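# Reading the structure
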There are 4 protein chains.
Amino acid sequence: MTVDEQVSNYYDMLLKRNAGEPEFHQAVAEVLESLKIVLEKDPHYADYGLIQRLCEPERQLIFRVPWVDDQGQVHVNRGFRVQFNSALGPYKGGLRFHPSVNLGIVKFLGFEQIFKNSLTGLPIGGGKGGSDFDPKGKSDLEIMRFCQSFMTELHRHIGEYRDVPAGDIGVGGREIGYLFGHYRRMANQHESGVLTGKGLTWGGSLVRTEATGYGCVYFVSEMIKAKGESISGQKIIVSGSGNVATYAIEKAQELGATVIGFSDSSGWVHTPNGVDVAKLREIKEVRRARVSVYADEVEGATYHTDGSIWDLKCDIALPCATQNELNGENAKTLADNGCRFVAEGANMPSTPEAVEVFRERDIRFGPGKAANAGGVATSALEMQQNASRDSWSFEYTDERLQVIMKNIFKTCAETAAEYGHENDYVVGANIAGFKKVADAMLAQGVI
Amino acid sequence: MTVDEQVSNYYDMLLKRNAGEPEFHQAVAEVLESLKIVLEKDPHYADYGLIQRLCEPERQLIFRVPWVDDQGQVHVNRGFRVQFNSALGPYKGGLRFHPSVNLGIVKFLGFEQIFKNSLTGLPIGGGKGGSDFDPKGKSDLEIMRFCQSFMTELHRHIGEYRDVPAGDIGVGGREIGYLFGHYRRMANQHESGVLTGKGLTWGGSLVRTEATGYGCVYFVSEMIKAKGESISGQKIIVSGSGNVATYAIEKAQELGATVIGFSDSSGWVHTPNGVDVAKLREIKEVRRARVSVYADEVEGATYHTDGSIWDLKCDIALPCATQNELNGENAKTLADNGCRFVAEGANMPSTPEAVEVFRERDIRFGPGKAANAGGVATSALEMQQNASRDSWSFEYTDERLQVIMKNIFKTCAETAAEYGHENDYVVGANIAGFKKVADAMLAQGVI
Amino acid sequence: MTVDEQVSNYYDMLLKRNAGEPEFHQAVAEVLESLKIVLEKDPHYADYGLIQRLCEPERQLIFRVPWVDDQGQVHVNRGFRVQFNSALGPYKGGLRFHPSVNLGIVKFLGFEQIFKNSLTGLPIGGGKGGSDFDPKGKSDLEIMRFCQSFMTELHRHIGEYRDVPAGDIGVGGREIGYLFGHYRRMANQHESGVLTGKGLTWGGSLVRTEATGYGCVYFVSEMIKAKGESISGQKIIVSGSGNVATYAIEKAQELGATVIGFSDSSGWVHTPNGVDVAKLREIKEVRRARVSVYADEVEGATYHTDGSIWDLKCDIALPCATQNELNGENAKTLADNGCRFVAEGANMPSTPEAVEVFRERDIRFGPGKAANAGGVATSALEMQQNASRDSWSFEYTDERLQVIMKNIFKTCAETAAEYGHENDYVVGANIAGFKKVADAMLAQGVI
Amino acid sequence: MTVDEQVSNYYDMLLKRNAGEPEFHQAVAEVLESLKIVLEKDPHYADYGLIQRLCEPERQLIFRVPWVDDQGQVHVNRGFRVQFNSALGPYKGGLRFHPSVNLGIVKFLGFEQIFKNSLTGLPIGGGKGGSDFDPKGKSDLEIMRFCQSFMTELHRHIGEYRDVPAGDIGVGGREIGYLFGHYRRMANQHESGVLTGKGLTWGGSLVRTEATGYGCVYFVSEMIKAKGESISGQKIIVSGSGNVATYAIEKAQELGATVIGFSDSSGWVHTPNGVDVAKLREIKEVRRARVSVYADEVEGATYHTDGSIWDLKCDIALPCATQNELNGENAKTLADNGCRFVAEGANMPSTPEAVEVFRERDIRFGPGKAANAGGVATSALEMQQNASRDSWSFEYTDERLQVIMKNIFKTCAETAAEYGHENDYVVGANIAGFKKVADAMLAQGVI
Ligand SMILES: NC(=O)c1ccc[n+]([C@@H]2O[C@H](COP(=O)([O-])OP(=O)(O)OC[C@H]3O[C@@H](n4cnc5c(N)ncnc54)[C@H](OP(=O)(O)O)[C@@H]3O)[C@@H](O)[C@H]2O)c1
Ligand SMILES: NC(=O)c1ccc[n+]([C@@H]2O[C@H](COP(=O)([O-])OP(=O)(O)OC[C@H]3O[C@@H](n4cnc5c(N)ncnc54)[C@H](OP(=O)(O)O)[C@@H]3O)[C@@H](O)[C@H]2O)c1
Ligand SMILES: NC(=O)c1ccc[n+]([C@@H]2O[C@H](COP(=O)([O-])OP(=O)(O)OC[C@H]3O[C@@H](n4cnc5c(N)ncnc54)[C@H](OP(=O)(O)O)[C@@H]3O)[C@@H](O)[C@H]2O)c1
Ligand SMILES: NC(=O)c1ccc[n+]([C@@H]2O[C@H](COP(=O)([O-])OP(=O)(O)OC[C@H]3O[C@@H](n4cnc5c(N)ncnc54)[C@H](OP(=O)(O)O)[C@@H]3O)[C@@H](O)[C@H]2O)c1
Ligand SMILES: O=C(O)CCC(=O)C(=O)O
Ligand SMILES: O=C(O)CCC(=O)C(=O)O
Ligand SMILES: O=C(O)CCC(=O)C(=O)O
Ligand SMILES: O=C(O)CCC(=O)C(=O)O
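Residues numbered from 1 in each chain as written, not as in the entry; some residues may be left out. Chains lettered and ligands numbered in written order. Part of a larger assembly, values for the part shown. Heavy atoms only, no water.

The record lists X-ray crystallography as the method behind this PDB entry and 2.2900 Å as its resolution.

Here you go:
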């Protein structure tokens with residue numbers, strides 16, 4: 001009968017109907033804990049099956065992606081698109097190409113995507129997709145043929161107002177190129193708004209490449225200022241060395257912080273006097289090389305396959321690689337080494353035991369649906385540019401991005417306090433994200 | 001031979017082809033009277049069967065709307081959509097749910113919509129729709145089911161560039177939600193431009209709820225200033241108590257006037273010190289109660305089922321309920337009692353004998369196609385925002401609404417003056433409306 | 001390098017990719033166990049990733065199905081449509097509404113449908129779908145609304161040349177009516193070919209009701225015909241009581257044959273010289289009762305509830321209910337009782353432990369995919385009639401159903417000889433099913 | 001081995017595959033000469049059959065256009081739409097109605113259009129169309145019937161994101177009205193972005209009428225400044241007397257130059273003291289007369305059917321009529337007479353010999369794809385306004401046009417000097433145009 005028990009019962013239904021999907025469970029569990037708080041103050045938010053509707057995807061698509069390799073052998077990978085919620089706008093979210101991908105992972109990401117997209121203040125619903133295809137070691141022509149095969153099925157389920165994909169792990173500028181190209185061929189339309197993360201001469205927006213890392217740094221700055229500090233002269237750990245990590249690093253150093261290390265999935269680098277960003281980019285973008293190559297070619301910088309990047313003494317930790325990369329034990333050692341701020345660039349990097357640790361140890365924590373929202377926000381700006389056939393300057397778009405991140409910070413911190421959990425940005429994000437979606441779902445009827 | 005005979009013989013054919021539609025005949029007759037004046041000076045506005053094309057709807061849809069009530073009983077209502085003219089833009093116009101609705105009524109409203117929409121200066125054609133469904137006493141779920149059944153057929157005839165409905169009598173925010181939600185579900189597109197009057201978190205515009213009533217008051221203020229007067233300190237009658245009336249009342253009293261009465265279909269309330277808007281909104285929108293309840297609960301306010309609201313001594317009358325609610329006897333009484341200005345919030349509220357009494361008694365008269373155009377204007381601003389994926393502030397949109405009502409007034413005043421009927425805004429509005437639609441029609445050929 | 005190392009490594013990959021779906025794993029294993037044989041003799045059947053393509057669904061759809069109950073209360077169920085293979089024709093297969101339905105099960109049934117449909121000789125591919133919706137204890141309104149909600153998503157993925165569903169458990173004539181009606185509403189097309197199982201006056205086929213039943217028996221008419229054991233008089237234990245079983249029984253006394261009683265998921269029966277269907281059909285379809293409401297009669301019919309349905313004296317046995325109703329103690333005490341033939345009517349009616357108890361125990365099997373194909377065969381005849389706008393007489397359709405069932409037995413016999421496991425009809429069924437589909441995929445390229 | 005050999009062999013291919021299309025060979029020849037310069041520095045622009053793809057149209061449509069004349073007599077003309085390249089945006093370019101029209105000509109125009117459109121800076125791909133129809137001598141109703149028949153086939157190959165036509169020789173404001181109107185009828189969409197050159201009250205843009213001639217004069221003005229001279233006080237020849245000629249004349253005279261002659265296909269007029277623009281416009285647009293009538297009605301102006309317009313002594317020649325109207329001998333006559341600047345209002349007016357004479361006589365030469373791009377740049381601005389449902393003022397749009405033409409000149413000059421050929425604006429335009437397009441094509445894959 002109590003809120004606590006209504007919700008725990010749906011969660012047990014959810015476990016039943018979604019068996020075998022631990023990451024999806026993890027995401028829903030974090031959100032449902034926050035919804036308890038919301039339904040204790042405002043019980044009409046449970047009316048008309050709203051929660052049952054919310055955690056069930058509108059549509060899910062799983063399809064065969066055949067493709068021919070350079071030796072002329074045929075392979076078959078699995079493609080996914082989860083269209084989770086469209087109450088606020090077309091489904092919006094990226095595409096992950098990594099051998100780990102399964103439906104459970106795509107759903108975890110699409111579900112998070114709802115609340116994130118809601119927080120942007122922009123008109124976007126949530127979705128995600130990807131494939132268990134492994135782009136590593138493939139030639140451009142293999143990637144191209146895969147993108148083409150994948151988009152051959154996906155084209156009929158997407159569109160400027162329907163579902164707008166983008167990149168993620170394994171999907172950068174190159175793959176979005178092949179995807180968009182082949183979309184136009186399938187549809188016989190130059191429909192710029194169908195994808196975000198496009199190149200600048202064919203419909204893309206200026207700050208999008210930098211957006212997720214910039215936005216994450218902009219958000220952590222807000223958290224730092226609200227505690228009475230400044231990001232200048234702070235020491236920062238950034239896990240990852242892909243799209244998000246690179247630009248979080250760049251923005252942290254423009255604002256006067258020092259990034260004392262970064263990583264790939266092979267290991268990590270200690271850079272106690274900061275990162276040479278041009279160098280890291282030559283290394284990852286041109287050479288496609290490992291973080292260890294940086295260490296060898298940069299004096300002061302040393303490679304490590306032992307322990308964890310989280311063993312470093314820091315003020316601020318920005319996890320920007322993947323889900324569940326920062327466990328309870330990682331969280332203990334950062335707290336013991338003097339870390340006062342954590343903000344997630346990645347989607348769900350912190351395990352639930354790490355998030356509990358941060359709270360017990362009075363560490364300020366920016367959840368991913370808030371701190372990494374600069375990307376999807378800037379994607380929505382790309383969409384807006386496309387719908388107007390306009391093209392904005394870097395300085396204009398970046399200003400928009402700065403203001404979006406401040407406003408997300410502000411609604412997270414105000415919503416948190418409104419519901420009696422001041423400085424708990426998880427609660428704040430989850431509730432503000434949820435309320436905008438729910439109020440739109442109630443307006444629009446049972447659909 | 002004579003222009004007079006030509007237009008009159010055509011009107012005679014149109015009574016034959018549209019037998020049994022008095023309201024359509026009445027709207028057509030008033031316009032055609034003004035067209036006689038245009039054609040006496042510029043006979044080439046009659047070329048290419050232009051008037052014969054204008055007065056025949058491009059398309060009319062009538063359809064069965066079956067729905068199930070809360071007792072599991074099946075009901076069947078009739079749905080309508082008239083797509084009248086599309087020379088200037090997509091068909092644009094609201095939906096009326098009321099038990100009096102038939103094809104004649106939908107056509108009168110569609111026809112008027114052509115000229116009003118033209119007058120806004122914005123790129124919108126004319127249509128209207130509705131059903132003979134009666135929303136009164138229906139539950140939210142019964143209304144949702146009706147809207148969903150209604151839109152199951154209508155979805156295929158509408159679209160962002162095709163036909164963009166909105167609300168009207170019986171169709172407000174609630175119903176627009178249900179219609180929009182179901183459209184998205186029928187189309188599988190989050191196509192914001194398909195309806196206007198949407199809610200602020202799913203593609204609506206800031207001033208639209210208030211726009212018609214606000215616009216009506218803006219328009220009448222220009223009429224008033226044209227005579228050397230101000231709206232501040234005037235006593236104003238506003239018939240009706242829905243969307244138009246509420247905000248006409250709100251605007252008028254913000255500008256320092258006093259609204260001395262309002263009404264619904266059951267009777268009328270005398271409010272000599274003005275109207276408490278928040279109390280009337282609670283009664284109408286939360287409780288869906290009669291205006292008699294306002295009088296019960298508000299001191300100074302008296303309920304009447306005898307006589308007419310038009311019996312009150314006023315400076316300004318704003319009919320904001322329905323067609324033919326202010327007749328010739330009403331018009332004499334108003335004039336006798338000191339009324340100097342009439343502007344139509346509603347569509348065609350004044351009967352032809354009432355309009356002539358205003359002419360005989362030199363009462364300044366603002367016809368609905370000009371005075372109530374703020375609504376559809378602000379709707380076009382909703383479509384403009386949606387096309388750009390942009391959201392404008394309340395102040396920005398309200399300022400645009402102001403300029404637009406001032407431009408409309410000016411166009412009606414200058415055009416009347418141009419054609420020899422100074423201060424006859426009916427003539428000016430009809431002619432100014434007509435000329436722009438005609439010029440576009442001639443340019444786009446026989447279609 | 002060996003033929004058993006491709007197979008077992010793909011079988012192993014397939015366990016990673018489709019984790020948690022053991023029925024699909026089983027069904028893929030048995031089919032692969034047969035492809036080993038085909039490869040030794042015909043090596044080109046593994047070319048161009050043929051098997052990797054065959055075991056991955058062309059497309060899988062999972063969607064939210066919201067619906068409202070008689071109390072005005074919102075529920076959310078999950079709907080499915082797997083469109084496995086279309087090499088021989090449009091996707092073909094039924095819809096199951098039952099609380100045990102999940103992606104794994106739909107996939108397994110859809111996979112088996114490919115080869116079942118291939119064996120018939122007709123232009124049908126394979127698919128399946130349904131929902132976790134529980135049609136037990138629902139009003140007709142609730143089932144209609146559910147059907148309406150379900151078809152509102154499903155209609156955009158189906159069609160006469162695309163995908164043609166049918167009934168199965170939980171989806172009988174009534175549901176097909178509701179689905180077909182709403183399909184027409186969404187499409188604005190009387191597209192009779194979109195579904196099979198339709199009523200007679202709106203595009204149905206005359207033998208469809210009696211087909212799966214008449215099927216199991218036309219098959220036996222060559223299967224026992226190879227041995228002796230009389231062209232008459234043999235007992236038939238008929239495990240089920242819906243469309244397939246009721247009519248399997250109904251196809252009794254063709255030219256003289258004792259019957260014994262039957263079951264559901266409550267309890268079973270035993271009887272003298274017959275079981276007269278007249279009385280089962282008024283209580284199982286038109287009233288919807290239990291098997292207790294037949295067995296309270298029937299001048300002999302008695303009702304057992306704790307034991308097992310496979311402890312009757314046989315000597316022929318015709319299940320026809322769900323997957324997984326014959327295991328360790330049933331299969332061995334089926335054989336015990338000097339007991340000989342079988343012609344099982346479910347989708348995968350016996351388990352992998354029961355199949356060895358029919359192989360080793362010399363039991364002449366009539367498999368799932370071959371002997372109860374008369375249903376799908378007659379679906380295709382419905383598609384044929386719709387395509388030509390013809391309605392065939394009963395005699396004619398029944399005759400065509402006899403031809404088809406001859407050929408299925410023939411191709412099962414001839415191909416089981418051709419690969420030297422002669423009369424293991426499981427094998428020729430399984431190989432002939434595979435080769436037609438494989439051959440079509442090879443001809444049609446990498447798609 | 002050499003780039004010279006590689007490109008020349010390709011050209012010999014192209015000559016064979018496209019036999020009998022000289023205008024197309026001519027246009028491809030001049031572009032391929034500039035591309036040799038690109039490949040000697042950056043030879044990976046030939047990667048992935050880039051050039052082979054660029055020179056083969058994406059799609060070409062040739063269709064029957066039947067229509068009935070005012071005497072009830074049936075005629076049959078041929079219609080073309082070539083959709084050349086869509087890398088940078090939807091296909092964009094005009095329609096030509098003239099008796100000389102054939103496929104080879106449409107392709108010449110379409111090919112130039114790719115590079116022109118690239119040069120603007122705006123998101124538009126390349127295409128063109130037309131008909132062999134001769135609108136000379138036809139009634140307005142004949143022209144409407146032809147446009148209606150033409151668009152009955154064309155509408156399905158076009159669209160706001162697909163292909164957006166416009167005017168060109170024989171297709172002005174009147175024809176675009178008929179075309180647009182019929183498009184809306186075919187599509188049932190008020191899709192403003194489908195065409196440019198539209199009228200001001202139905203989605204057109206201010207400045208579009210003037211844009212090509214205006215833009216040409218803005219370009220030549222930059223060429224002149226770059227020699228350290230000034231346009232004011234110069235004598236200018238403008239050939240032609242249609243859309244482009246008219247507004248080049250107006251702009252050149254506004255800037256303080258004297259236009260000393262102009263023409264139609266029947267002869268030329270010598271206007272030693274300048275052109276009376278209002279008079280010309282009245283003769284050409286209202287009376288649809290020959291330029292001889294201008295000479296008859298204006299003292300000091302003289303009609304000539306002898307010799308050539310290019311016999312006049314001038315400082316600047318602006319051919320604004322048609323392809324290959326200024327030949328070898330014409331170029332010598334102009335050079336010898338003191339001409340110092342040639343800018344092309346028309347598409348490809350200067351013969352290959354003419355251009356040689358210019359290079360050798362030190363005459364500055366503004367190729368069409370740069371100098372006449374103001375037209376299509378302003379069409380893209382019309383698309384932009386339409387996509388935003390917005391209307392821009394004349395001042396604002398004409399300032400956008402001025403900046404764009406300055407930027408085109410700048411990119412031609414800089415690019416030409418960059419690749420070792422300073423002041424060769426042909427080289428600069430061709431390389432700058434190619435590079436954006438080629439970059440976009442590489443990103444989008446083999447499509
Ligand atoms: N791109 C966006 O706009 C965006 C927006 C919001 C959120 N995100 C999230 O940001 C995260 C990374 O995104 P990205 O776009 O930057 O992807 P990316 O460019 O592919 O980079 C991912 C980085 O993470 C590394 N990585 C993968 N697994 C790892 C592990 N277990 N430990 C350490 N490093 C690991 C990769 O290294 P290897 O080369 O060794 O695999 C690579 O350096 C994801 O969680 C994604 O959902 C991205
Ligand atoms: N909403 C817009 O944007 C808009 C724009 C331009 C023009 N209009 C026009 O403005 C007028 C009012 O629209 P609304 O949107 O305010 O509708 P609404 O919110 O449904 O309100 C209608 C009001 O008028 C009264 N009324 C309705 N029918 C009546 C009748 N037949 N006799 C006497 N009183 C009656 C109603 O009282 P009961 O409850 O007793 O029926 C109610 O108070 C209509 O003529 C409409 O076409 C509306
Ligand atoms: N013509 C066709 O429909 C067709 C064509 C090809 C294949 N099939 C296959 O044939 C089978 C029968 O389907 P149907 O169309 O006859 O469905 P149906 O009309 O809904 O009847 C199914 C019957 O099976 C019973 N059952 C459930 N659990 C059982 C258990 N553990 N042991 C014994 N019986 C049980 C049901 O009892 P309750 O009512 O108590 O649940 C019910 O009497 C299915 O496996 C289907 O895939 C059918
Ligand atoms: N309109 C645009 O926006 C635009 C943009 C870029 C480029 N262009 C190019 O500019 C040139 C002219 O364009 P515009 O047509 O749009 O003006 P237009 O209104 O059609 O007028 C064209 C003029 O050229 C003359 N002419 C046509 N063919 C001729 C020939 N074969 N020999 C001698 N004179 C001839 C015509 O005389 P007659 O009346 O005697 O035929 C007429 O005065 C074309 O090359 C076109 O492709 C136009
Ligand atoms: O910009 C996008 O849509 C990609 C965003 C995304 O997938 C994410 O927010 O993690
Ligand atoms: O289209 C709208 O905004 C509703 C306005 C309308 O139909 C009216 O002008 O009465
Ligand atoms: O599609 C058909 O007709 C029969 C196949 C099937 O799986 C069913 O209906 O239960
Ligand atoms: O504006 C257009 O697209 C028509 C003009 C054209 O085709 C051109 O630029 O030559």
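Mapping chain C onto chain A leaves a residual RMSD of 0.9 Å; the transformation is a rotation of 180° accompanied by 0.0 Å of translation along its axis. Both chain copies can therefore be described as sitting about a two-fold axis. Every residue of chain C has its C-alpha some distance from the rotation axis, and the shortest such distance is that of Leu61(C), at 2.6 Å. Interface residue correspondence from chain C to chain A reaches 84%, placing this contact among same-surface, isologous pairings. (Least-squares fit on C-alpha atoms. Contact = heavy atoms within 4.5 Å.)

Among the structural elements, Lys107(C) can be located in helix α4 (residues 103-119). Using a relative accessible area of 1% as the deciding quantity, one classes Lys107(C) as buried. Here the side chain of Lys107(C) touches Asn18(C) through a polar contact of 2.5 Å, side chain to side chain. Other than its neighbours up to four places away in sequence, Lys107(C) contacts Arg78(A), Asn18(C), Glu21(C), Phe24(C), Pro57(C), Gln60(C), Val82(C) and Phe84(C). (Helix = DSSP H or I, 4+ residues; strand = E, 2+ residues; numbered from the N terminus. Buried < 20%, exposed > 50% of the residue type's maximum accessible area, 1.4 Å probe, protein only. Polar contact = N/O pair within 3.5 Å; in protein donor to acceptor, adjacent residues only side chain to side chain.)

Residue and element names in this part refer to chain A. UniProt's entry tags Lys128 with the feature "active site", counted in the numbering of this structure. Mapped onto the secondary structure, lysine 128 falls in strand β5 (residues 125-131). Among residues more than four places away in sequence, those in contact with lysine 128 are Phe80, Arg81, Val82, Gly93, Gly94, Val106, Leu109, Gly110, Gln113 and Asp168. (UniProt positions renumbered as here; feature names shortened; annotations may be inferred.)

Moving on, we come to the relation of the copies chain B and chain D. Mapping chain B onto chain D is achieved by rotating through 120° and translating by 0.1 Å along the same axis, at an RMSD of 0.2 Å. Within this description, the copies of the chain are treated as partners about a three-fold rotation axis. Nearest to the rotation axis, the C-alpha of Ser388(B) is located 2.8 Å from it, this being the minimum over chain B. Here only 9% of the interface residues in chain B have copies in chain D that are interface residues too; the copies meet through unlike faces.

Below, the discussion takes up the interface of chain C and chain A. Taken together, the contact pairs 31 residues of chain C with 27 residues of chain A. When the two sides are added together, the surface that chain C and chain A hide from each other amounts to roughly 2800 Å², 50% of it contributed by carbon and sulfur. The largest per-residue losses of area from chain C upon contact with chain A belong to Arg17(C), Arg64(C) and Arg78(C), which jointly make up 27% of the total buried on that side. Between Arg64(A) and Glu58(C) there is a salt bridge, with its nearest N and O atoms 3.9 Å apart. One can count 22 residue pairs in polar contact joining chain C with chain A. Residue assignment for the side of chain C that touches chain A shows that the elements contributing at least two residues are α3 (50-54), β1 (59-68), β2 (74-85) and α4 of chain C. Considering every element that reaches the side of chain C that touches chain A, the biggest residue donor is β1(C), with 8 residues. Considered class by class, the residues forming the side of chain C that touches chain A number 14 nonpolar, 6 polar and 11 charged. With 5 bridges connecting them, strand β1 (residues 59-68) of chain A and β1(C) associate as antiparallel partners. Bridge assignment links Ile62(A) to a residue of β1(C), and that residue is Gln60(C). (Buried area = accessible area lost by both parts, 1.4 Å probe. Salt bridge = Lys/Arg side-chain N within 4 Å of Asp/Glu carboxyl O. Nonpolar A, V, L, I, M, F, W, Y, C, P; charged D, E, K, R; others polar. Pairing = 2+ DSSP bridges.)

Time to look at the nonpolar core. Formed by 113 residues in total, the largest nonpolar core has its most connected members in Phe111(A), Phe434(A), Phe150(B) and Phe111(C). Contact partners of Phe111(A), with chain neighbours within four places excluded, come to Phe24(A), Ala27(A), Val28(A), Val31(A), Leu54(A), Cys55(A) and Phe84(A). In this structure, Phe97(A), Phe150(A), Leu61(C) and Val28(D) belong to the second largest nonpolar core, which totals 87 residues. (Core = buried A, V, L, I, M, F, W, Y, C linked by side-chain atoms within 4.5 Å.)

Residues and elements named next belong to chain D. Around ligand 8 sit 13 residues in total, of which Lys92, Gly94, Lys116, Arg208 and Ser379 are the nearest. Separating an oxygen atom of ligand 8 from a side-chain N or O atom of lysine 128 is a distance of 3.0 Å. Alone, ligand 8 offers 290 Å² of accessible surface; in the complex the protein occludes 93% of this. Secondary-structure elements contributing two or more residues to the shell around ligand 8 are α4 (103-120) and α14 (374-387). Ranked by the residues each element gives to the shell around ligand 8, the list is headed by α14, at 3 residues. In terms of residue class, the shell around ligand 8 is made up of 2 nonpolar, 7 polar and 4 charged. (Near = heavy atom within 4 Å. Areas by Shrake-Rupley, 256 points an atom, 1.4 Å probe, with all protein chains shown as cover.)

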